[PDB]
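Dumped model20.txt below, it's compact mmCIF, C-alpha atoms:
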```
# COMPACT_ATOMS: atom_id res chain seq x y z
CA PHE X 1 16.19 7.37 -3.15
CA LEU X 2 14.57 7.28 0.33
CA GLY X 3 11.51 9.24 -0.90
CA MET X 4 11.18 7.14 -4.09
CA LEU X 5 11.34 3.88 -2.10
CA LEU X 6 8.70 5.20 0.33
CA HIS X 7 6.25 5.90 -2.55
CA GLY X 8 6.53 2.34 -3.94
CA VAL X 9 6.17 0.61 -0.53
CA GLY X 10 3.25 2.90 0.45
CA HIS X 11 1.33 1.85 -2.70
CA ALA X 12 1.87 -1.90 -2.05
CA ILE X 13 0.56 -1.69 1.55
CA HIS X 14 -2.34 0.62 0.55
CA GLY X 15 -3.26 -1.33 -2.62
CA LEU X 16 -2.96 -4.82 -1.05
CA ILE X 17 -4.90 -3.86 2.13
CA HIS X 18 -7.60 -2.01 0.13
CA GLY X 19 -7.50 -4.62 -2.70
CA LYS X 20 -10.07 -6.76 -0.83
CA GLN X 21 -13.22 -5.38 0.86
CA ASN X 22 -12.91 -5.23 4.67
CA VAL X 23 -15.40 -7.76 6.09
CA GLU X 24 -15.97 -8.35 9.84
```
Mind converting the file's structure to structure tokens?
Amino acid sequence: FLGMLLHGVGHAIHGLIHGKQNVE
């Protein structure tokens, strides 16, 4: 399940970081 765990964690970091617009 190493690949499956990587897909879930990658989405959280990508979605949370890109969830808000980058300002300054």
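A straight line drawn from atom CA of residue X:2 to atom CA of residue X:18 is 24.0 Å long.
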Around all listed atoms of stretch 6-12 of chain X, padded 3 Å per side, what centre and edge lengths does the axis-aligned box have in Å to one decimal, as JSON?
```
{"center_x": 5.0, "center_y": 2.0, "center_z": -1.7, "size_x": 13.4, "size_y": 13.8, "size_z": 10.4}
```
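Going from atom CA of residue X:3 to atom CA of residue X:15 covers 18.2 Å.
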File contents for stretch 1-19 of chain X with N, CA, C and O atoms as a PDB file, in the first residue's frame:
```
ATOM      1  N   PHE X   1       0.844  -1.231   0.000  1.00  0.00           N
ATOM      2  CA  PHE X   1       0.000   0.000   0.000  1.00  0.00           C
ATOM      3  C   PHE X   1       0.869   1.267   0.000  1.00  0.00           C
ATOM      4  O   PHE X   1       0.382   2.352   0.250  1.00  0.00           O
ATOM      5  N   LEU X   2       2.147   1.141  -0.277  1.00  0.00           N
ATOM      6  CA  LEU X   2       3.032   2.349  -0.290  1.00  0.00           C
ATOM      7  C   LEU X   2       2.586   3.320  -1.388  1.00  0.00           C
ATOM      8  O   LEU X   2       2.539   4.518  -1.184  1.00  0.00           O
ATOM      9  N   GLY X   3       2.263   2.809  -2.549  1.00  0.00           N
ATOM     10  CA  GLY X   3       1.824   3.692  -3.670  1.00  0.00           C
ATOM     11  C   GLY X   3       0.465   4.317  -3.343  1.00  0.00           C
ATOM     12  O   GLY X   3       0.240   5.489  -3.582  1.00  0.00           O
ATOM     13  N   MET X   4      -0.444   3.543  -2.807  1.00  0.00           N
ATOM     14  CA  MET X   4      -1.798   4.087  -2.471  1.00  0.00           C
ATOM     15  C   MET X   4      -1.681   5.178  -1.403  1.00  0.00           C
ATOM     16  O   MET X   4      -2.329   6.205  -1.481  1.00  0.00           O
ATOM     17  N   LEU X   5      -0.850   4.965  -0.416  1.00  0.00           N
ATOM     18  CA  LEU X   5      -0.674   5.994   0.655  1.00  0.00           C
ATOM     19  C   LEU X   5      -0.064   7.261   0.052  1.00  0.00           C
ATOM     20  O   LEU X   5      -0.426   8.367   0.404  1.00  0.00           O
ATOM     21  N   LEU X   6       0.863   7.094  -0.853  1.00  0.00           N
ATOM     22  CA  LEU X   6       1.525   8.271  -1.501  1.00  0.00           C
ATOM     23  C   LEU X   6       0.495   9.112  -2.268  1.00  0.00           C
ATOM     24  O   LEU X   6       0.554  10.327  -2.271  1.00  0.00           O
ATOM     25  N   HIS X   7      -0.434   8.473  -2.934  1.00  0.00           N
ATOM     26  CA  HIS X   7      -1.457   9.235  -3.719  1.00  0.00           C
ATOM     27  C   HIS X   7      -2.333  10.079  -2.786  1.00  0.00           C
ATOM     28  O   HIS X   7      -2.641  11.220  -3.076  1.00  0.00           O
ATOM     29  N   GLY X   8      -2.746   9.520  -1.678  1.00  0.00           N
ATOM     30  CA  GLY X   8      -3.616  10.273  -0.727  1.00  0.00           C
ATOM     31  C   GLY X   8      -2.847  11.441  -0.105  1.00  0.00           C
ATOM     32  O   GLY X   8      -3.337  12.554  -0.051  1.00  0.00           O
ATOM     33  N   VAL X   9      -1.652  11.197   0.375  1.00  0.00           N
ATOM     34  CA  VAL X   9      -0.858  12.298   1.009  1.00  0.00           C
ATOM     35  C   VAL X   9      -0.501  13.371  -0.027  1.00  0.00           C
ATOM     36  O   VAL X   9      -0.492  14.550   0.272  1.00  0.00           O
ATOM     37  N   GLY X  10      -0.207  12.971  -1.238  1.00  0.00           N
ATOM     38  CA  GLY X  10       0.152  13.965  -2.294  1.00  0.00           C
ATOM     39  C   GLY X  10      -1.031  14.904  -2.543  1.00  0.00           C
ATOM     40  O   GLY X  10      -0.860  16.094  -2.723  1.00  0.00           O
ATOM     41  N   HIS X  11      -2.227  14.374  -2.551  1.00  0.00           N
ATOM     42  CA  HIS X  11      -3.431  15.231  -2.786  1.00  0.00           C
ATOM     43  C   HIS X  11      -3.617  16.223  -1.631  1.00  0.00           C
ATOM     44  O   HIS X  11      -3.903  17.385  -1.844  1.00  0.00           O
ATOM     45  N   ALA X  12      -3.468  15.767  -0.414  1.00  0.00           N
ATOM     46  CA  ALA X  12      -3.650  16.680   0.759  1.00  0.00           C
ATOM     47  C   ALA X  12      -2.662  17.850   0.690  1.00  0.00           C
ATOM     48  O   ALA X  12      -3.038  18.997   0.838  1.00  0.00           O
ATOM     49  N   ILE X  13      -1.404  17.566   0.469  1.00  0.00           N
ATOM     50  CA  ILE X  13      -0.387  18.661   0.392  1.00  0.00           C
ATOM     51  C   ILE X  13      -0.675  19.560  -0.820  1.00  0.00           C
ATOM     52  O   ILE X  13      -0.628  20.772  -0.730  1.00  0.00           O
ATOM     53  N   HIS X  14      -0.966  18.968  -1.949  1.00  0.00           N
ATOM     54  CA  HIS X  14      -1.250  19.774  -3.177  1.00  0.00           C
ATOM     55  C   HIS X  14      -2.562  20.555  -3.029  1.00  0.00           C
ATOM     56  O   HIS X  14      -2.639  21.722  -3.359  1.00  0.00           O
ATOM     57  N   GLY X  15      -3.595  19.911  -2.553  1.00  0.00           N
ATOM     58  CA  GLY X  15      -4.911  20.601  -2.404  1.00  0.00           C
ATOM     59  C   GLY X  15      -4.837  21.688  -1.326  1.00  0.00           C
ATOM     60  O   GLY X  15      -5.285  22.801  -1.531  1.00  0.00           O
ATOM     61  N   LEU X  16      -4.299  21.369  -0.177  1.00  0.00           N
ATOM     62  CA  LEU X  16      -4.222  22.383   0.924  1.00  0.00           C
ATOM     63  C   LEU X  16      -3.334  23.569   0.528  1.00  0.00           C
ATOM     64  O   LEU X  16      -3.689  24.712   0.745  1.00  0.00           O
ATOM     65  N   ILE X  17      -2.190  23.308  -0.052  1.00  0.00           N
ATOM     66  CA  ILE X  17      -1.283  24.428  -0.463  1.00  0.00           C
ATOM     67  C   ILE X  17      -1.939  25.251  -1.579  1.00  0.00           C
ATOM     68  O   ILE X  17      -1.899  26.468  -1.571  1.00  0.00           O
ATOM     69  N   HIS X  18      -2.532  24.591  -2.539  1.00  0.00           N
ATOM     70  CA  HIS X  18      -3.185  25.319  -3.669  1.00  0.00           C
ATOM     71  C   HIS X  18      -4.625  25.727  -3.311  1.00  0.00           C
ATOM     72  O   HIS X  18      -5.281  26.415  -4.071  1.00  0.00           O
ATOM     73  N   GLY X  19      -5.124  25.313  -2.166  1.00  0.00           N
ATOM     74  CA  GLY X  19      -6.519  25.684  -1.775  1.00  0.00           C
ATOM     75  C   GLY X  19      -6.642  27.207  -1.682  1.00  0.00           C
ATOM     76  O   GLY X  19      -7.624  27.785  -2.109  1.00  0.00           O
TER      77      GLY X  19
END
```
